[PDB]
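Throughout, protein chains are lettered first and strands after them, A, B, ... in sequence-line order, and every chain is numbered starting at 1.
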Amino acid sequence: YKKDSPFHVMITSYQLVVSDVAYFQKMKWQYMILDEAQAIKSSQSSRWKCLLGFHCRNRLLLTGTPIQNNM
DNA sequence: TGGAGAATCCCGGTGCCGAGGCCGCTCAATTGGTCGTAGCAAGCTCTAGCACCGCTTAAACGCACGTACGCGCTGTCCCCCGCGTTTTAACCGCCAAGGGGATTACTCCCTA
């Protein structure tokens with residue numbers, strides 16, 4: 001997108017990237033941020049399984065408590 | 001027959017919204033191979049379906065005859081229609097609630 005574009009940064013709930021996943025996986029993302037990435041900490045979670053498969057160049061996991069319960 | 005008026009048509013204008021077409025994906029239809037079987041073909045039995053004959057009688061049928069019931073015809077009325085006034089509540093819009101369900105979190109113990 002260039003500066004003349006309908007949007008630049010989109011902000012979304014973890015609830016919607018799962019619910020609207022079929023719309024999200026039909027688009028190509030130039031960068032991704034994940035606030036409180038402890039939400040992604042479980043590999044059996046759909047929000048992990050969904051966001052794993054997003055077509056994105058670069059990703060940040062923002063967290064303050066990375067280690068959590070287990071390796 | 002005529003007529004007036006009320007009801008229905010038709011013609012043109014406006015709008016909206018849903019049908020028909022386009023695009024992504026997927027997943028469910030198709031290709032190719034294996035294996036079992038099931039139902040198709042032959043052969044045997046003999047079951048019961050068909051045909052025929054002769055007797056019996058009881059069910060059918062032609063006709064007599066009446067009277068019981070179908071239907072047109074008259075009278076009445078009352079009760080349902082048609083139309084004007086009154087009233088209500090059906091329809092629409094917009095917000096609210098919550099209630100259900102699927103995902104996520106984290107311990108505890110069954111079971112492999």
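Here the separation of B:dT8 from B:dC83, taken at their P atoms, is 11 Å to the nearest Å.
Between A:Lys26 and A:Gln44, the one whose closest nucleotide on DNA chain B sits nearer the 5' end is A:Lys26.
The two residues A:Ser45 and A:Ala39 make their nearest non-hydrogen contact at OG-O, 4.4 Å. When all heavy atoms are compared, the tightest approach of A:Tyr31 to A:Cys56 is C-SG, 3.7 Å. Of all heavy-atom pairs between A:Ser5 and A:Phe7, the closest is OG-O, 3.1 Å.
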Polar pairs (N or O, both sides) under 3.5 Å between protein and nucleotides 26-28 of chain B?
none

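Rounded to an integer number of Å, the gap from CD of A:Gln15 to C1' of B:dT104 is 9 Å.
The residue from A:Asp35, A:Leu34, A:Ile33 that alone fulfils the side chain to side chain contact (heavy atoms under 4.5 Å, CB included) condition with A:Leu61 is A:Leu34.
Contact between the side-chain N/O atoms of A:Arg47 and the OP1/OP2 oxygens of B:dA105 is found at a separation under 4.0 Å. Between B:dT103 and A:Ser45, no contact under 4.0 Å exists linking OP1 or OP2 to a side-chain N or O.
Formation of a donor-acceptor pair under 3.5 Å by the A:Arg59 side chain with backbone atoms of A:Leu52 is found in this model.
The stretch residues 61-71 of chain A comes close to DNA chain B through A:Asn69, each having a heavy atom under 4.0 Å from the strand.
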Query - Pair assignment for DNA chain B - dot-bracket with | for other-strand partners, Watson-Crick or G-U under 3.5 Å - result: ................................................................................................................
